[PDB]
Structure formats: C-alpha cells, structure tokens
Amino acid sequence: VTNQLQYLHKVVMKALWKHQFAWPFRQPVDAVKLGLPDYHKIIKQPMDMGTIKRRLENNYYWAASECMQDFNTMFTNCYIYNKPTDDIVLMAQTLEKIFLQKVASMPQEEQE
C-alpha cells in the first residue's frame, strides 16, 4: 500500500471502471467468444481492467509504475490488434485520455 497506488485505485480505476466505454475492457478478451483465432498469436501479454482491479485489491503491485504499465499494455494491445477504423479503438482512446489526465495529478513520490 502506497500513496500512488491508492491514487491509482481510488481515482484512476474508479473513474475508468464505471465508464460507459469500459465494458469490453472489464475482463480478458475472450477469443473463442469473439471468434478471434489469431488474437493470442498477435497479443502476447493480454491485460484488462478486471485483472488490474484485482491486483490493486490484493496489493499485488510494488510500485505505481507497475500498475501504470498494465493499463498501458491493455490499451496498446487494443490498438495493435484491432483495425484503425474499429469502434473499440475510439473507446480505448477515450478511456486512455482519462487515464493520462488523472495520472497527471498523481502523488509524485512513492511513500509506502
């Protein structure tokens, strides 16, 4: 438990989890359900806000930057795999802007 991780849980995750574009991101991409047999050939580290939220709730992370990298991986996976014109990309872009806006006000020094 640190100040920055607390910020990431109470402010960042909170804002993103409840967002109207969040639903595709709340649980891992299900390649069988979506009919996407190449998903795991292209994305090697899948990530989603369910996993991140669980990690925050279970004090999995040692540094804020580790949680931040998971958010970033989640978004990057989306941009890499999907077509440029897919709606999911716009949804990801919207959530990521909120992520960055919030991260701009995160406590600067990690103190346990």
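For every residue, the number given is its place in the sequence shown, counted from 1.
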item	value
Entry-level comparison of average CA B-factors, 22-30 and 57-65, reporting the higher stretch	57-65
Entry-level comparison of average CA B-factors, 37-45 and 74-82, reporting the higher stretch	37-45
Residue 89 - which third its CA temperature factor falls in, relative to the rest of the chain	lowest
Entry-reported Cα temperature factor of residue 95, expressed as the chain third it lands in	lowest
